[PDB]
Amino acid sequence: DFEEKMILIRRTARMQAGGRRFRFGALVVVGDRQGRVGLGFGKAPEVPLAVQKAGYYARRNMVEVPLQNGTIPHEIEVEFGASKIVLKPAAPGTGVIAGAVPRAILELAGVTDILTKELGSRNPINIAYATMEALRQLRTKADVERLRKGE
Amino acid sequence: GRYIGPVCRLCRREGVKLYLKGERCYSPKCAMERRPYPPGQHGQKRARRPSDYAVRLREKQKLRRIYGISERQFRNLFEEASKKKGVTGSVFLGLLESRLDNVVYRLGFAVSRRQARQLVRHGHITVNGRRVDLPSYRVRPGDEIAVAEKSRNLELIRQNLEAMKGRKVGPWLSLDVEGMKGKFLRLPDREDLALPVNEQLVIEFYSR
Amino acid sequence: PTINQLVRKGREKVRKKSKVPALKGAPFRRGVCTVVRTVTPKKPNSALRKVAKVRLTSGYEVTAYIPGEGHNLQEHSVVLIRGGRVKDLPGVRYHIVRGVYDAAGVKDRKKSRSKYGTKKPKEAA
Amino acid sequence: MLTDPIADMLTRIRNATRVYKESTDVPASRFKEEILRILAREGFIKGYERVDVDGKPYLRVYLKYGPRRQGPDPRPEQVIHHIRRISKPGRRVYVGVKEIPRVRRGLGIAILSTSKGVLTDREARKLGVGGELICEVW
Amino acid sequence: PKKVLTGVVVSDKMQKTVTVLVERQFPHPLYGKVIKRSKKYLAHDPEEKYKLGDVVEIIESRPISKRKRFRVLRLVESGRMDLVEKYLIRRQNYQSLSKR
RNA sequence: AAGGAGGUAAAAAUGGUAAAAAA
RNA sequence: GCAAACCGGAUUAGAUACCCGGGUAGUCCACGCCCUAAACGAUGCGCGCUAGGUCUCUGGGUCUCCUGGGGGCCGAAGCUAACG
RNA sequence: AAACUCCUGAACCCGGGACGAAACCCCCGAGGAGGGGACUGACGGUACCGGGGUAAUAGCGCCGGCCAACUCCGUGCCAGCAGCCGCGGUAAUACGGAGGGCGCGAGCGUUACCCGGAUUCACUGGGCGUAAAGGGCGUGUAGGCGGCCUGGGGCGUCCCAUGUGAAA
């Protein structure tokens, strides 16, 4: 009931005295329109295998987001190796103004208005992960209390 | 110049029809009903994967097609939307419809957009007083847009009058069957008067 | 560059070395021309592709092609030195025009009228 | 030697958060006493105190550790997200009325020392002045 | 608003004329960090009331002469040397740079 | 010794095969 | 004693080379001149901070060990694109 | 879509028709402040207003990925294309042509030229184990930059009040 957007497949391969056996990966973002999301990277011989399976790795490996007023709370810089996703929440009238990976992940999330850039390696895999941790690392006033109340 | 020609050939191009040619393009076909789906050789081959940006682009086209105009001026006034503040695309749709041609349309004066442009451009439609030409003339909260002195003496004018009744105005377009007039009011939006195009997509595509 | 090195040195500007010494913003330069030749693109192709050695009104030769497919130019034409290479004819830049003071396109070009000459495929009949 | 003890304080503090270690030792100074005072009072650390190690008055700063999260291993969410030396001993980054930070487009925390004192972000705002922008934290 | 500068008097070298080693701080309209640089102006001392090193306050004056602008007024502190000393060292090291 | 590893040992009579190109 | 160049021998299609026999410059010492290098940890220096396990050069402490300086190895958290 | 059916009325005639100009000047009061009196249109019988009324120029680029738009002939590494990857070596969605579609619309494309993208001189915003890159090591001049207490100075630094930053 979520939504099963893909965002690229990989036509992998390995050689051997026996030709060159290909393979497939299925980068897939499944998010519930407004509330949560989840990423899944399929990895099978024939494509659709890896696609459905990817839907399921995504559906198992979820995570939700402080989707408030259509946006995210504070803003973050996330890095994965040489890949950096740059995220800043946006006042309405903005849009999911972002790349392909981001608008994928965040429209699957429910992010309505979002100022976002992407520095360093633009490798879609790592980038996607980076977005997923942008979600994974979002705090609010409430969250603040948990820590910044004092135990 | 408004494409001119196979118009409801786009009634099928976008996918879903629109109040376009008027009576017919709403009768048992906007060229639809009979066989709605994009024309051309590849008419029905097996619809491919529209790249996300292209869904967006097709939406832009969609909206400016129903609104009946080239995307030049449309571009300029979308920039005017960016500038004139408000949740851009909303007050955009508003300050799009505020344009006189389709003001005349939804006011129930003209049957169809093209017809509207004719009528207005020939000063058949007056605006709060002087017979304003210019299909592109935004009005203001209060102005009473009427017709011409020779319009009460005009024909399909009375057609429009009689055949329209039993149809309520866009909650700000306060007409007159009694004198052939029509006050302007508050700014409508996505819900005051709705249409089948997701605005956010349009704006996001446009300003890239 | 640790801030202080930045204060002294600073960092160096861009500089562009120009891809078209037709020069002085020359997108149409005089093309008077000489010779004809043949060439053969890095490897996997074949043809002839002119010479336009031009001389412009500035100087030098160059290798200006043509809009391909059937010439007309014998030795003049004032081909307006245009611009843009390709993985052939170790140069190709500064193209011929098809319009200019000669060439004037290919009769029967029911397409690229904007360039390859042709006023208008006026059927008449 | 040290070219800047204040930074060293902020950094050792980092280390503490990254190791999870009840409290850390720091050189006792007056300025940093003001700093860690702000830190404590502005919803953050667990406290400062005028302690002493071998003939040298030092300071023991207890670091706040949140609830034991789970999944694979706790790693109880860290009260000190991250700090940065804004006005480094290269950049005397001066801040004032329009020069005030924001941090975390909303919340966050930066502290700037001025003639009118060691004011917190919103504090420096609330009195309407400015001065050297020392360090930022989330 | 006759601009006045506070600077270290350098070299009594001329009669009725002193050189003045001024030095100003500045930011960096690109990189933030502060900087500093020396400027030698023309102190007008018609009776050699000034000498080696003694910081005085100099004045934006009538054009006294050829580049010789910037008189004096209020002497400040003497027994300076050390400053003028370092500057001197730097001068000798300017004569320590040769491609001949 | 079971392993990974840091220093000092042994170990080849011979040769030129081009290449536009398929999945 | 050795050892480029050089010669002769063996080798091969050829051997201006690898292997054998000889041999000079040099390799040595005084003074001077050159001032290059894979002059390599392929890692500028000085400082503070962050688990321990273990072999050992070393200085102190009556000493199963605590302790300050070293050269090795393994790995906390971390850090790298990966090896590391 | 067409032809047709009706409706209007680009153009274009007949008519009328400008604002753009009240001072200086003349007189009343003195030539003073104030009142009346009078000359002043290039633009152009154009803008404009009234009546009348004719269906009346549509083109350029794209359609292999980037990137929305595919089938058919000819051509067979020849002819060609090309911004980069490459496309043609006799079944080409790339070449020409043709149907159809995308786009744009009195516009369409080309080259040129600058800024962007390019966080590819990185100040927000970077790097130097093996990718471009640590000086062969020392030495130390200048410069850069500095531990901890106290108070004075208030130079940078922040703030307070104005002059100014003309118009555009």
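Residues numbered from 1 in each chain as written, not as in the entry; some residues may be left out. Chains lettered and ligands numbered in written order. Part of a larger assembly, values for the part shown. Heavy atoms only, no water.

Method of determination for the deposited model, per the PDB record: X-ray crystallography, at 3.50 Å resolution.

If you check the PDB entry, chain E appears there as 30S ribosomal protein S17 from Thermus thermophilus. In its PDB record the entry is named "70S ribosome translocation intermediate GDPNP-I containing elongation factor EFG/GDPNP, mRNA, and tRNA bound in the pe*/E state". According to its UniProt record, chain E has this under Subunit: "Part of the 30S ribosomal subunit." As its UniProt record puts it under Sequence similarities, chain E is described as follows: "Belongs to the universal ribosomal protein uS17 family." (UniProt positions renumbered as here; feature names shortened; annotations may be inferred.)

Chain D carries the name 30S ribosomal protein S8 in the PDB entry, which gives Thermus thermophilus as its organism. Word for word, the UniProt comment on chain D under Function is "One of the primary rRNA binding proteins, it binds directly to 16S rRNA central domain where it helps coordinate assembly of the platform of the 30S subunit." Check the Sequence similarities section of the UniProt entry for chain D; it says "Belongs to the universal ribosomal protein uS8 family."

A. Highlighting the arrangement of the chains. Contacts are most numerous, across the five pairs of chains in contact, for chains A and D. At the level of C-alpha atoms, the two units chain B and chain C stay apart, their nearest approach being 21 Å. Note that chain B does not reach chain E: the shortest distance linking a C-alpha of one to a C-alpha of the other is 31 Å. (Contact = heavy atoms within 4.5 Å.)

B. Looking closely at the packing of aromatic side chains. For the structure on display, the rule yields eleven aromatic pairs over all chains. Measuring from ring centre to ring centre gives 4.9 Å for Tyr 20 of chain D and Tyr 65 of chain D, while their planes differ by 50°; the resulting arrangement is tilted. Of this pair, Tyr 20 of chain D sits in the loop between α1 (5-19) and β1 (23-27) while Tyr 65 of chain D sits in the loop between β3 (56-62) and β4 (83-85), and the two are 45 residues apart along the sequence. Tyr 20 of chain D sits in the partly exposed class, given a relative accessible area of 25%. Relative to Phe 70 of chain E, the ring of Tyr 41 of chain E has its centre 5.1 Å away and its plane inclined at 55°; by these criteria the two rings are tilted. Taken together, the positions of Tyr 41 of chain E in strand β3 (residues 35-43) and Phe 70 of chain E in the loop between β4 (56-59) and α1 (82-94) put the pair 29 residues apart, joining distant regions of the chain. Through a chain of ring-to-ring contacts, three or more aromatic side chains come together here, namely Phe 74, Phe 78, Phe 92, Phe 205 and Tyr 206 of chain B. Positioned over the ring face of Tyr 37 of chain B is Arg 12 of chain B, at 5.7 Å from the centre of the ring. Geometry around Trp 138 of chain D places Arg 104 of chain D over its ring, the cationic atom sitting 3.7 Å from the centre. (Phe/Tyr/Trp six-rings, centres within 6.5 Å; stacked < 30°, edge-to-face > 60°. Helix = DSSP H or I, 4+ residues; strand = E, 2+ residues; numbered from the N terminus. Buried < 20%, exposed > 50% of the residue type's maximum accessible area, 1.4 Å probe, protein only. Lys NZ or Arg CZ within 6 Å of the ring centre and 35° of its normal.)

C. Highlighting empty space enclosed by the protein. All names here are of chain D. For the coordinates displayed, the defined rule picks out nine cavities of 30 Å³ or more. Considered as a void within the structure, the largest cavity measures approximately 120 Å³ in volume. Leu 10, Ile 13, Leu 36, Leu 39, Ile 45, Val 61, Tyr 62, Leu 63, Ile 80, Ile 83, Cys 135 and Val 137 are the residues that line the largest cavity. Breaking the lining of the largest cavity down by element, the ones donating at least two residues are α1, α2 (30-41), β3 and β8 (131-137). A breakdown of the residues in the lining of the largest cavity according to their chemical character gives twelve nonpolar, no polar and no charged. Counting contributing residues, the lining of the largest cavity receives three or more from each of domain 1 (3-80) and domain 2 (81-138). (1 Å grid on protein atoms, 1.4 Å probe; cavity = no way out; pocket = protein on both sides within 12 Å on 5 of 7 lines; lining within 4 Å. Points joined across faces, edges and corners; volume = space filled by probe spheres on them. Nonpolar A, V, L, I, M, F, W, Y, C, P; charged D, E, K, R; others polar. Domains from an automatic or database assignment.)

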